[PDB]
Amino acid sequence: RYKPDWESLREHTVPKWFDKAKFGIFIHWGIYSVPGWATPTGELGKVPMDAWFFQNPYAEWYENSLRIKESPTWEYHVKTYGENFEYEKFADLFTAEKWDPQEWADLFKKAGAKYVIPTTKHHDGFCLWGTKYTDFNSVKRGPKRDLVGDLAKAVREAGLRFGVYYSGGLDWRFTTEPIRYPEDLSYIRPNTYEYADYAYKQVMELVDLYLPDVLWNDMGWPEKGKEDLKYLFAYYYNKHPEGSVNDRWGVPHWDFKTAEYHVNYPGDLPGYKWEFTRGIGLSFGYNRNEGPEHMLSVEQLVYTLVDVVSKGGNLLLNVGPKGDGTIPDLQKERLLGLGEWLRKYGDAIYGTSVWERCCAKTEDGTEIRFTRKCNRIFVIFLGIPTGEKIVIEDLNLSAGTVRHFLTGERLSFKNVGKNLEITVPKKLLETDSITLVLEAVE
Amino acid sequence: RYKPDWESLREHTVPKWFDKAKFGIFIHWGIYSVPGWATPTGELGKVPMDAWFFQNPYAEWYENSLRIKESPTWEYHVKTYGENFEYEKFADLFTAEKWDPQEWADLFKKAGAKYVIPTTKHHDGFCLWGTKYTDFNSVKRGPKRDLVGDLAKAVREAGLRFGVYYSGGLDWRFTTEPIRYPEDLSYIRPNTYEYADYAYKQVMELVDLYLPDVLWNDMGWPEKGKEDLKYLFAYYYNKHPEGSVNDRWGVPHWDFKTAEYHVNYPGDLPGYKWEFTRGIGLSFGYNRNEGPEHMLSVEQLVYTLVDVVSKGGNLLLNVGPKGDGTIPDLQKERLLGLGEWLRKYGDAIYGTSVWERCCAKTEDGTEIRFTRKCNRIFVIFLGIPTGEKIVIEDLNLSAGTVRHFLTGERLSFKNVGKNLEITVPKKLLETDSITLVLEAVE
Amino acid sequence: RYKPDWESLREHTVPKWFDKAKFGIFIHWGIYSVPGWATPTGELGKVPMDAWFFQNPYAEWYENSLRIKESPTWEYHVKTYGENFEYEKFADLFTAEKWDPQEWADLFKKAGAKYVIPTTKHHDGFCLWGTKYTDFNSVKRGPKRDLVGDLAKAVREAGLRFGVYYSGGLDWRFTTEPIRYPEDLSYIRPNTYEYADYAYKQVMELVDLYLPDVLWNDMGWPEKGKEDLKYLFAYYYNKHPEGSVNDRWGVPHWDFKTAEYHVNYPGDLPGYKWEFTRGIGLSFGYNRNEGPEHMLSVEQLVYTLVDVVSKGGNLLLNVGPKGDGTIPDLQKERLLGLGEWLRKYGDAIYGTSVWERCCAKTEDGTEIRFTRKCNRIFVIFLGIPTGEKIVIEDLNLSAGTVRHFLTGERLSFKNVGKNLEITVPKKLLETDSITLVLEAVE
Amino acid sequence: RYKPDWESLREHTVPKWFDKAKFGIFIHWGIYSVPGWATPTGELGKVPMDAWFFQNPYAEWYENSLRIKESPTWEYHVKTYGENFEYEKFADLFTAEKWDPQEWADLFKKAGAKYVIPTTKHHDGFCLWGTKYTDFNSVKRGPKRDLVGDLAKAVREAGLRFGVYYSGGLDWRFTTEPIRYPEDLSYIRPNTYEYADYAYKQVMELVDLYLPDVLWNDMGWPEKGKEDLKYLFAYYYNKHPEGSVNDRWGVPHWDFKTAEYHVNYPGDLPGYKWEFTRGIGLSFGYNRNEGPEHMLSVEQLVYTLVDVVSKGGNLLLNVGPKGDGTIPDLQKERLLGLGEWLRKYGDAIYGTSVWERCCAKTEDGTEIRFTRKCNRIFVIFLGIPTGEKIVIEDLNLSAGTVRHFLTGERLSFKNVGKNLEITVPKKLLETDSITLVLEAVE
């Protein structure tokens, strides 16, 4: 068994299934989904942090924004709901009237996801399972239902892995003051031993009820509770060796690291397993304010996934459901576009490993990414070059054979100096969908 | 007064009464006494630990065994009680209908015990006093009575000392997973700050309500609560300097050490005060599965006590009452047999001190133990030699006079080399009961 | 950069070169090599620890055995060197007059080894390099030569990786009392702040002077200096990302685990990179009392490496040189036999990965081990079956084509129930050297 | 074995020999003995601490008093030795030219002492043995002799136990500023890691070279080195189970407590082994300014020992020798008087135990003290009553027979109310030496 200590826990590494899966779906869903509103200011890492909490683009941060008087959210709220309308009242209006978990699971599978991870409890402290440690949960209020449980059953019946997200670092049911600046995060926290217990008992409870494939913590773990993780991790791994944990615990152990929008995003092979997460738009929770101008297009999604995968990561794309449980059309379409692309090109993504280098580019600026499967090297262009003559810069191959992936057609190539030159018959070029893919066999 | 710190607490040592008492009665009694069933596999220390929790001979471990599906206990339970019958339901069936505390106290006194210590709360977390910190106690469920309190009053009225046992290290009301291997004990524990408080408040509460003569902890103390013991010990000793604590706290202080069945059992004088504990059978809680083949015989009990005492220890013999509060006949008879022996030979046991050596043996293999009272040395044979000529190996005496204990009759002896030779007139030999005892006066 | 904390050091994992190397050479060489003597009692894990330090088979523990009077070593030393000859005096006799590092390095390469690791400082605290932190080193006394340095140049010239062994945990230059029982190890240690600084400074110096490929600590790291490792490991990896460290530091981080003779030997695949270490005989240091009866045969060596490799490990085989710098023939002879088999079957060892299972066996009991390389699955029999019909118990294949590894000859096979049946023509069976090796392409 | 942790060290208790010894000799001897001078202000506990360091009666604090300019010591030093004569220079005048250890040991035995403890290193940091950790020791300077060693051989030859005094807490070789107020002690200390190692290494060395019977630390142990004591005490007891340590280390463990002049003197029995220490005069070091007016008389010494003994303690009486190694007559004279009374009444002191109470007094106020030996109760009058009818206030006896201790003469007595009345014939009263001693057998 694993013993409750970091040295011993280090014996557990990211499970194969996770490394091989490449793509998963995040779901930020909660009472904040009811107001479903945020100012779509921009991407995390590009918006100045002296303004960010005041024009927060993360709609799941509604309550914190509402607590900042005279922030767009406050004005919005008072004009739509009134001032005698507390945030907590949304728990009663969160009825998931149209929710159908098998439909969600069907959709995420058509999209190409191999795992799914919903918010079991986000910063507002509202719980989506019938926890026995708080009455502010979905069985007692709103949906009158075990959202986490019913979704885990549907995902698993679809053949996908199921994880859980928990806001261990923050819980607004234990604070009153909102976060206005990044600095506040250092003192405006539950801070109590009672909260460290609560968080431990709630994650232990999710382990016992659903034995998730992934424990996805957010915002660090209560300082008073960090030592508890030795036991929790050992407890978790002894019941599920193929389980995994991310790196937002702030303790020595983790199975894979994370990056959010621009933050900690690698420019090259990082050297450890990681996972990229972002909303389809600029928010994780649903935002009725976002239009397609705020979202990635299917093409960008595809390019995002390939960049991630070529660097050894997994993409954890977030979908933001409505309070009624339906998935906005703008999101469903992109999930589908991506699913379409994975059906054609998935063999150069799932099950691959990184190669000597992640990246290259054609003489004209088209970006290229590589993935590998034993002796097979996939060459994925971010786009489809117009001309049959492709000049790839600073690359030489020793393969001897280079095929056009989709058709399997052997192609003509030769190293011309510091470059590699290939000729792709326009008939084939016109065959690819968003990316020209080639396969080199060494 | 004692100050709340180890250096200062070290000033308190095992009280005289404890050192001089030699023999006490443990009582493991609780809702587990209702099913009163275990597989009598063998003695702790001789059973392989990779099997022990799966065929646990400690019937008080019923709930943990029940949690291991398809363990003898699980099968037993389902066939006797059914699967829709939770362990906690036994709290209602635990009615102590026939319980009479003065009868118990009468009996333990006839048995020769000088102190008594019942389980106030065992691993299953059920409490035998009206604690104000949990409703899972005997005043609210089952007996509708303060078992601890009413027993303390009866024991004390009988002239005996009263202690309390508390399972500080384990409490199954805070965990779900059972202990299957010794290793699990390192992570499957309450683990919370709330539990460390609970345990502190409950022991403080027993101190305040009953001011026990002994605080007998089991399974170590919550890591988060260890520092609390400085205050609790100081608090306890300032109200009762003659109080005492065992060594199962896992902190610097203790007044006497312990050993259970074969574990930590000394082969010779240990050098500190200790106490030996074991069931009359192989379990502490009642086990309707044990027959006399599993129990010590009165003779073995006597030999056990003498070995213990010759080594500076006290024997804490456990009796396992039934759910109705009566003491199984097989147990009552051995308590009595021992009481009979202590009435005759008690002066070579109570109030004694160890001698230069604990042990010897006759040329034919009879084992011998010694105890002392000033200039008087008691020579206790584990059995009664058949022949009038007794040759004790590797021993010389300088006493000059050796009497036959029970009759007081001066006897003939002389050191023959490396041995001591004595002649015990068969009339006298036939006078002793389970042990031939001699007394040497130096 | 790697930062000085466990969570960031977690990012560094065992380098590819180490995982692919499979076989390395350990060298326990020092002033203890001069007396070169020990009682060849038995293998670690098989000798009772109540006797072990008194009849110690590790000749490099000579100083410790010498300090125990009335130990065979003590007897031997007094009759051979005299009661007045201090252990430290051996540094003057350690002359390494016949030492030729290139010759050593060439033998290690001819032997099939990919990396070499000498003891830079063993428990007696004598250092085989010109450390500036002690005068008890090979530059000031004995050889008047930097053995570590000269050997590192030599090993690298032969194209092999060079790691360093350092005794962080013990240093008999800081103690006077010998280790007699395992328990003694818990307190007979340097214990000072001074020692913690010494060890840090000395490993830092080894990193600075030689940038080893492997930092192999032994016996734990001084408690007071444990936090220093976050700084030392970050410093080391930042200078040498492809460097590696073992698991004998007693802190959270490590790149690969270790097993010594029977201790911690895996029965099956363990889930993490590890390395097995043992001498060719029963000692690490040269022991003149060992003859062939105490050493592994070439066949046993091959069987050992294959078993280790099939379970994901590397074999770190020890060579114990003489005080004169020569490698004893019994040792050389075995190193060469192993290298002869590696030249022939290398491709089924070097650069391989574990498969689904490590082991199988034939109807008549020949043990079988598996390794993998992409689609190629190597089948290694520990020995060569006499008949042509071979029945592999409990194994099915879905490769369609199985070849004889040495010749490439396609062979006839079929799944027969829960078994795999194969026909190997005796002429091929007669061509294999110690192991029948089959290759299955799936 | 004892393990290196407080709970295991708790197992070791004060050895029997120490408890039975009752009287030991302290020796504060060092380079401070040469100036041998101090203002004999008064007893510790009676002099105001606002003045104490400025008019210090402990002549061994000379260096500290010297550093306070305008202190009587400073005045005396400048007129006697000069402003240019550094304190350290006294090591060259400390020649011990008339030193005869056997002569010292014989005087201590003739004095009734059972153990001897010299200052191996006092606050000024000068060491009376050939330590390898400093050059400021008696082998390199001054006597050019290992005083500690030579005295240990001598004391043991006389059959007495030998302990060592070590100044763990202070060492003026690591500070420049003097102690002026009690408060200063909280920060004017060595304070370094270096010092913590020094102290550990030096006590380890004393244990190794001399295996003392008592490790008597003074002034606390450096905070940074406190954890080291678990290792040092385990190491010491494992080499010498019958060894002992005092209570001036500031860690959990100790074998006996101490009281200095009025500080911590018990008013009645305390419940733990302790030892009283003081000089014969007001200093520990030799003070040429003390005359008989500053010393205890033989009678006062006897009364002191009896009071200490009746309360369970040992008396550790200080002798302060001259720089030349001779013991001043005023001191010798008192040592011999005490030994004369011990030769006579020894049996009512040596090897005794406390009784039910320590004290009583006669109708006319003579103080009475009690000691015990099994059934024998010794009654010690601090002085000899003039009349034959003696009335002991508040005491009843149930012994039936009371004898005059010296003669054995049975005496007439009877319980008269809350008192005990006894008739002692003047001829016996005239035979006692400083104390009328009665023996009651119950």
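Lettered A, B, C and D in written order, each chain numbered from 1.
Assume a contact is a pair of C-beta atoms (placed from the backbone, for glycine too) under 8 Å apart; a residue touches a chain by one contact, two chains touch by 3 or more.
The chain lineup, named per UniProt: A, B, C, D = alpha-L-fucosidase.
Asks: Which of these, C-D, A-B or B-D, gives back the A-C interface, meaning over half of its contact pairs coincide by residue number?
Replies: B-D
Asks: When I count C-beta pairs in contact, which pair ends up with more: A-B or B-D?
Replies: The comparison resolves to B-D.
Asks: From the C-alpha centre of subunit A (alpha-L-fucosidase) to that of subunit D (alpha-L-fucosidase), how far is it in Å?
Replies: 74
Asks: Can you check how far apart subunit C (alpha-L-fucosidase) and subunit D (alpha-L-fucosidase) are, centre to centre, with Cα atoms defining each centre and the answer in Å?
Replies: The answer is 58 Å.
Asks: Distance between subunit A (alpha-L-fucosidase) and subunit B (alpha-L-fucosidase) based on Cα centroids, please, to the nearest Å.
Replies: Here subunit A (alpha-L-fucosidase) and subunit B (alpha-L-fucosidase) have centroids separated by 58 Å.
Asks: Can you check how far apart subunit B (alpha-L-fucosidase) and subunit D (alpha-L-fucosidase) are, centre to centre, with Cα atoms defining each centre and the answer in Å?
Replies: So the centre of subunit B (alpha-L-fucosidase) lies 43 Å away from the centre of subunit D (alpha-L-fucosidase).
Asks: Inside the complex, what are the residues of subunit A (alpha-L-fucosidase) that reach subunit B (alpha-L-fucosidase)?
Replies: Interface residues on subunit A (alpha-L-fucosidase), with respect to subunit B (alpha-L-fucosidase): 1, 3-4, 193-194, 196-197, 200-201, 208, 224, 228, 230-231, 234-235, 238-239.
Asks: For the complex, which residues does subunit A (alpha-L-fucosidase) have touching subunit C (alpha-L-fucosidase)?
Replies: Against subunit C (alpha-L-fucosidase), the touching part of subunit A (alpha-L-fucosidase) is residues 6-7, 10-13, 241, 247, 250-254, 257, 270-272, 374-375.
Asks: Given the complex with subunit A (alpha-L-fucosidase), which residues does subunit B (alpha-L-fucosidase) contribute to the contact?
Replies: Within the complex, subunit B (alpha-L-fucosidase) touches subunit A (alpha-L-fucosidase) at residues 176-177, 181, 183-184, 186-189, 191-194.
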